[PDB]
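# Breakdown of the fold
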Amino acid sequence: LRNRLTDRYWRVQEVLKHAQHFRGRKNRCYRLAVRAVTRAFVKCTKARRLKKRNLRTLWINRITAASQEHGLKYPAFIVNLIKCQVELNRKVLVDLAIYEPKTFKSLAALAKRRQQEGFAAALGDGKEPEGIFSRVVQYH
Amino acid sequence: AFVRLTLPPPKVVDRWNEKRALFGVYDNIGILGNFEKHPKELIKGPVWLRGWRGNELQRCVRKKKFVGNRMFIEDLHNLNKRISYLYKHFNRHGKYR
Amino acid sequence: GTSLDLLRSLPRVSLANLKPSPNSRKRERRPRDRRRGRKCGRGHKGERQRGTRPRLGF
Amino acid sequence: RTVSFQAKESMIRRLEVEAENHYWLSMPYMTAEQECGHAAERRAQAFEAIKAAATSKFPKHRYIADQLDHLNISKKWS
Amino acid sequence: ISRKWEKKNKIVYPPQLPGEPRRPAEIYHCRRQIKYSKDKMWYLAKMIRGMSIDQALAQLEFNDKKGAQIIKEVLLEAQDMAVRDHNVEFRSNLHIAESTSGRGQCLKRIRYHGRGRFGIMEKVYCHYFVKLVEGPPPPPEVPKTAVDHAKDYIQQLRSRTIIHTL
Amino acid sequence: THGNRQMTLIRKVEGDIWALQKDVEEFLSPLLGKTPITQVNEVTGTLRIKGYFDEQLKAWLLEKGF
Amino acid sequence: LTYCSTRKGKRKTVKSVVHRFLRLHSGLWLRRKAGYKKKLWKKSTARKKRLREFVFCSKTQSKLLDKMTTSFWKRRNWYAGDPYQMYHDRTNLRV
RNA sequence: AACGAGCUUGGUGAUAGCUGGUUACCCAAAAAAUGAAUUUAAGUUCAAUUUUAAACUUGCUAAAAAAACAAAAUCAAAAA
RNA sequence: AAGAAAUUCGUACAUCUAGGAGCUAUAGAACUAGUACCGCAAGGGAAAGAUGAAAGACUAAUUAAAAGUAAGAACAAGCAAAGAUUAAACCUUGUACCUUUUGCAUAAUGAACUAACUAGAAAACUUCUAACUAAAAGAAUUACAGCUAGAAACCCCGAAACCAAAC
Ligand SMILES: [Mg+2]
Ligand SMILES: [Mg+2]
Ligand SMILES: [Mg+2]
Ligand SMILES: [Mg+2]
Ligand SMILES: [Mg+2]
Ligand SMILES: [Mg+2]
Ligand SMILES: [Mg+2]
Ligand SMILES: [Mg+2]
Ligand SMILES: [Mg+2]
Ligand SMILES: [Mg+2]
Ligand SMILES: [Mg+2]
Ligand SMILES: [Mg+2]
Ligand SMILES: [Mg+2]
Ligand SMILES: [Mg+2]
Ligand SMILES: [Mg+2]
Ligand SMILES: [Mg+2]
């Protein structure tokens, strides 16, 4: 036995420290703990991407609740704000509804009015003056 | 795994004992001595591998030539069996032909 | 020349400072790791993996 | 099967784009003969660069400085 | 083998100051090699947990198991040393804080079967541990009342926060 | 080397090896039509050139009188 | 073949190669044509002429024949009056 | 206690084109598994593929007419 | 596959009664022993020990340290975890591992768990690094830039059989 590995104690502890919060023999038996830890790491990596998608669904759900209190569907509210050159994202809109109820109501009226202007422009045909809020500022 | 619960006793090495101090002296006996002696003649070891090197099969066959006739019965039986095993490995087995 | 002047500045040459010429030694590879382990470069089960392919010229 | 409404529309939109692709490819600025030779000089120069790189391989210089700098590993405060 | 239960009796604290509650006494005792299974001894050790010395000795005297007699003798020696060596005033003023069983060193033998076969037999042994603490047994458990259950429920509702937002 | 790479070597150089490189490039450049590819080894004091130019270099060195 | 012999520990030459081929010092090998003495009566005059020639070997055959012979068969030989004196070298070869 | 041929030691690390196994990390590239011979088809050798290094110069897509075919595979000018 | 001789060379450490980039209780001898035990016989053939200067000082200590248990049974829902969360469980996402198969498995082999042990080895040719160079090598060899030296390589376990001599 000329040369023998003298570090096996610390190589074992690297795996087992990640398994202390498991239940069963998975938290103390190396041949079992090693299989469980790698499955956990794979799940951890795939859940970094899925987290971002989940939060967007939460934002859209809460926005629909806030708009419907004022009689608006989600597609109408979001689309018309864009046509008014408002570039607030969904994450910040949720903050206003929860924490700034009066400001959110003001935005609700603005989106509704722009929708009405579009309806009038559609039904009326020919050359007619454009809506007050339907004027687009230009950049160069 | 289980590890020592105490430190082993210290090892103290004298780097200036006679063997260490004079290592290498007379390695140039030939060039500085008019070539009366070759440096290989300064080597101490088994009779059959002084100033010579080879693979395991070559070492086994060389040992038999030098001291084969002065060996014990059982030692010689094992040496002969080792030769035949090495012969079949080196001449019939391996990745490369 | 100028090279010998450099020695004067540098620390003493000793048995703790030796170095070989660069690229004079290659690395020898053992079959322990995943790249060079497992099947160890011999392929799938057969005569050649086991080590008993016929002789040269056959 | 029954083809869904989405699938029918999405295909139509892609058809319309390809129709315009056909139109813009029908009005060549230069005829075939006028094209001949108009870019010969640039093309020839390009290969010369490629050939030069291919035939430029050679070992690298070696310096006394690299070898002697190893001795600084034993520098100290005296 | 480890023998730490024995040494627990030799701890010495510094003298208590006048303005401090009187520290109760503690006694540790065990019997080491016993020809009895530890699984069986567990049921006996479990029963006397939390009881006073007199109530424990009363229940043991009318149990039919072989382990009951061995536990009783260990209890009697613990009581004797408590008064004699650990400055306990009244014999009756004691209760069982801890009692448990442990595995001992065992022996391997052969058990015969019917076709020249055999099996491995174990002759099993066990330990017994106790700790005696001076004072009346601590009061028992009282289940949660209906009012107590509700108060927890409102506390849970009050702890809520708005999740994943500013 | 490799059975197809031809080279010429000047070996026992003392002093400034880099000065010799500049002279060789000037001397050989008009013949080739391009600057020759060279390697300088400072440790061994040798100069290596791509292609066979032994005869010209031998005559060139004699003129300088080494 | 024998990579390591018992008595000397060396490689051995395959003597059936030495009896059939000739090696030129550059690395080429020469041979005859199989059947050049068999049933000549049934062979055309052009066929028989092709058989009489000495022929070279391919790259893969040359590689195999080199492994099966030792270095002694690859040295320089200075035979007075050699009839192969002019074929031991190559000229004007870019390769 | 196990005889279509006893048991033990040695020859013996018998032989096995068949079954199972073959222990640190990182970077890079990569297959088809078509043709030929073989007591050969559970295996091997050669071509073909892939690959590392080196020398130096044209390649890939496209490709008019004019052929050869019979009434889309060859072939590859000039250009891009 | 096997394989000479003729003919050349060599007094060698030479008290080195000495040495180790050899092993340290699953290693090194099978060995504390050819004993205990097994077989009618030839024959096969193990396991393990640990205080201190003093026990004519009561046998010493040291270690959250393996699996296994105890202290302390359990609480709708699911490869047992991950994103999370004020909050252990509730909500969402997710068809155990190795080998082998057609790059596919809810197919089929193998694994009760812990500790130790347990499997790629050679220099003909090539490439890289140096010495000297029409010559290189410390005798015998190679040479139309060669020659000398260094570094770089090719596994483990498993039959039914056959032969010799004992019992
Ligand atoms: Mg998305
Ligand atoms: Mg190796
Ligand atoms: Mg049992
Ligand atoms: Mg085998
Ligand atoms: Mg095919
Ligand atoms: Mg046949
Ligand atoms: Mg086969
Ligand atoms: Mg062309
Ligand atoms: Mg002789
Ligand atoms: Mg032993
Ligand atoms: Mg033993
Ligand atoms: Mg434990
Ligand atoms: Mg669940
Ligand atoms: Mg089956
Ligand atoms: Mg199983
Ligand atoms: Mg292990």
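Residues numbered from 1 in each chain as written, not as in the entry; some residues may be left out. Chains lettered and ligands numbered in written order. Part of a larger assembly, values for the part shown. Heavy atoms only, no water.

## Topic: the interface of chain A and chain E
Taken together, the contact between chain A and chain E spans seven residues of the former and five residues of the latter. Around 500 Å² of area is buried between chain A and chain E when both sides are counted, 55% of it from carbon and sulfur atoms. Considering only the side of chain A, the residues that lose the most area to chain E are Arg62(A), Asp95(A) and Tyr99(A), jointly responsible for 66% of the buried surface there. Across the chain A-chain E interface, the total number found is zero salt bridges. If you look at where chain A meets chain E, you find one residue pair in polar contact. By residue number, the principal contributor to the side of chain A that touches chain E is helix α4 (residues 90-99) of chain A, which donates four residues. In the side of chain A that touches chain E, the residues fall into five nonpolar, no polar and two charged. (Contact = heavy atoms within 4.5 Å. Buried area = accessible area lost by both parts, 1.4 Å probe. Salt bridge = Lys/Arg side-chain N within 4 Å of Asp/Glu carboxyl O. Polar contact = N/O pair within 3.5 Å; in protein donor to acceptor, adjacent residues only side chain to side chain. Helix = DSSP H or I, 4+ residues; strand = E, 2+ residues; numbered from the N terminus. Nonpolar A, V, L, I, M, F, W, Y, C, P; charged D, E, K, R; others polar.)

## Regarding the interface of chain F and chain D
At the interface, 14 residues of chain F touch 11 residues of chain D. Note on chain F versus chain D: buried area summed over both sides is about 1100 Å², and carbon and sulfur give 59% of it. If you sort the residues of chain F by the area they bury against chain D, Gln39(F), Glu42(F) and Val43(F) come out on top, with a joint share of 40%. Here chain F is connected to chain D by zero salt bridges. In this structure, the connection of chain F to chain D is made through six residue pairs in polar contact. Elements represented by at least two residues in the side of chain F that touches chain D include exactly α1 (17-32), β2 (38-41) and β3 (46-50) of chain F.

## A closer look at the arrangement of the chains
When the eight pairs of chains in contact are ranked by number of contacts, first place goes to chains D and F. The closest approach of any C-alpha atom in chain B to one in chain D is 20 Å; the two make no contact. There is a gap between chain E and chain G: no contact, and a shortest C-alpha distance of 54 Å.

## Observations concerning the nonpolar core
Judged by nonpolar contacts, the single largest core of 27 residues is most densely connected at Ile48(E), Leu60(E), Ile71(E), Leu75(E), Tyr128(E) and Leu132(E). Listing elements by their share of this core, those giving two or more residues are β1 (26-34), α1 (38-47), α2 (53-60), α3 (66-85), β2 (94-103) and β5 (126-134) of chain E. Those residues in contact with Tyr128(E), other than ones at most four positions away along the chain, are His29(E), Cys30(E), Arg31(E), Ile34(E), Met41(E), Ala45(E), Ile48(E), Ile71(E), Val74(E), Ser99(E) and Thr100(E). Core analysis: the next-biggest nonpolar cluster, separate from the first, contains 15 residues, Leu72(A), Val94(A), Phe104(A) and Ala111(A) among them. (Core = buried A, V, L, I, M, F, W, Y, C linked by side-chain atoms within 4.5 Å. Buried < 20%, exposed > 50% of the residue type's maximum accessible area, 1.4 Å probe, protein only.)

## A look at the packing of aromatic side chains
Taken as a whole and assessed by the stated rule, the structure comprises nine aromatic pairs over all chains. On the basis of an interplanar angle of 90° and a centroid distance of 5.1 Å, the ring pair of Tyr9(A) and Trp10(A) is categorised as edge-to-face. Taking the relative accessible area as the measure of exposure, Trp10(A) reaches 48% and is therefore partly exposed. Ring plane angle 80° and centroid distance 5.6 Å describe the contact between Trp42(E) and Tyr43(E), whose orientation is recorded as edge-to-face. Among the aromatic side chains, those forming a connected cluster through ring pairs are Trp5(E), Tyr28(E) and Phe129(E). (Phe/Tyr/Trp six-rings, centres within 6.5 Å; stacked < 30°, edge-to-face > 60°.)

## Overview of the protein's contact with RNA strand H
Near RNA strand H there are 37 residues, and of these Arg38(C), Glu47(C), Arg50(C), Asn4(F) and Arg5(F) occur at the shortest range. Taken together, the sugar and phosphate atoms account for 57% of what RNA strand H places within 4 Å of the protein. In this structure, a phosphate oxygen belonging to RNA strand H sits 3.4 Å away from a side-chain N or O atom of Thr52(C). Contacts to RNA strand H include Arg43(D), whose side-chain N or O atom sits 3.4 Å from a base nitrogen. Looking at the surface near RNA strand H, the elements with two or more residues in it are α3 (73-92) of chain B, α2 (47-50) of chain C together with α3 (40-54) of chain D. (Near = heavy atom within 4 Å.)

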